[PDB]
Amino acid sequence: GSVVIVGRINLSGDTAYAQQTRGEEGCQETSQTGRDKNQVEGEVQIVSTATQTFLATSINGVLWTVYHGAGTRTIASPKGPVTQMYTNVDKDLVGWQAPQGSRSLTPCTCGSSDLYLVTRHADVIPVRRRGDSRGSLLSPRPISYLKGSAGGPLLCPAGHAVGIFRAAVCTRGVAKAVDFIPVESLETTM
């Protein structure tokens, strides 16, 4: 089936919170047909397949997510399934054209290393950048807390996109750091 948008992380106000826009039955139906007529809003979408759920983030007019979540699948849209515009298994990255109604993040040009990871539960987690594709959690969390947030963004203090969350760096079940696709690699892929 297609990947289906089932909610979003609302970042528009003073408070970050998840919203569900489609339940599991409707999601299952929409995945089979590839036809999704629901209104899309925001920069960070919660998405699902038949078997998994994760995030997808709009940057530069593309809705980006991880290959390990989406594989080569289409995404459901008001006019039927939409094929990926980008697929890179080596970077664990896919992208589709961004849905009408979505808002896109701007790629960061700040050169700053104080970042913020947004999870599928609308937790905003500070992250110190530690390399091109790594950042440390200021406060370590069990894996559980981050599971299902691949595809979500790392943002700079100004709200620009710095990367897409890919993997957790763990020791005995605790995530001390994160691995992400840097926005420059998105821009190159482009």
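For every residue, the number given is its place in the sequence shown, counted from 1.
Determine, for stretches 123-131 and 32-40, which one has the higher mean CA B-factor as deposited.
-> Higher mean C-alpha B-factor: 32-40.
Can you tell me which stretch has the higher mean Cα B-factor, 98-106 or 85-93?
-> It is 98-106 that shows the higher mean C-alpha B-factor.
Return the residue from 167, 181, 18, 174 that has the highest Cα B-factor in the entry.
-> 174 has the highest C-alpha B-factor of those listed.
Using the B-factor values recorded in the entry, state whether the Cα atom of residue 65 falls in the lowest, middle or highest third among the modelled residues of its chain.
-> It falls in the bottom third of the chain.
For residue 144, the third of its chain into which the C-alpha B factor falls = As the PDB entry reports it, the C-alpha B-factor of residue 144 lands in the highest third of its chain.
Lowest, middle or highest third: where is residue 158 by C-alpha B factor in its chain?
-> Answer is middle: the recorded C-alpha B-factor places it there.
When the modelled residues of the chain are sorted by Cα temperature factor, does residue 137 land in the lowest, middle or highest third?
-> Middle third.
Using the B-factor values recorded in the entry, state whether the Cα atom of residue 52 falls in the lowest, middle or highest third among the modelled residues of its chain.
-> Middle third - that is where residue 52 ends up once the chain's C-alpha B-factors are sorted.
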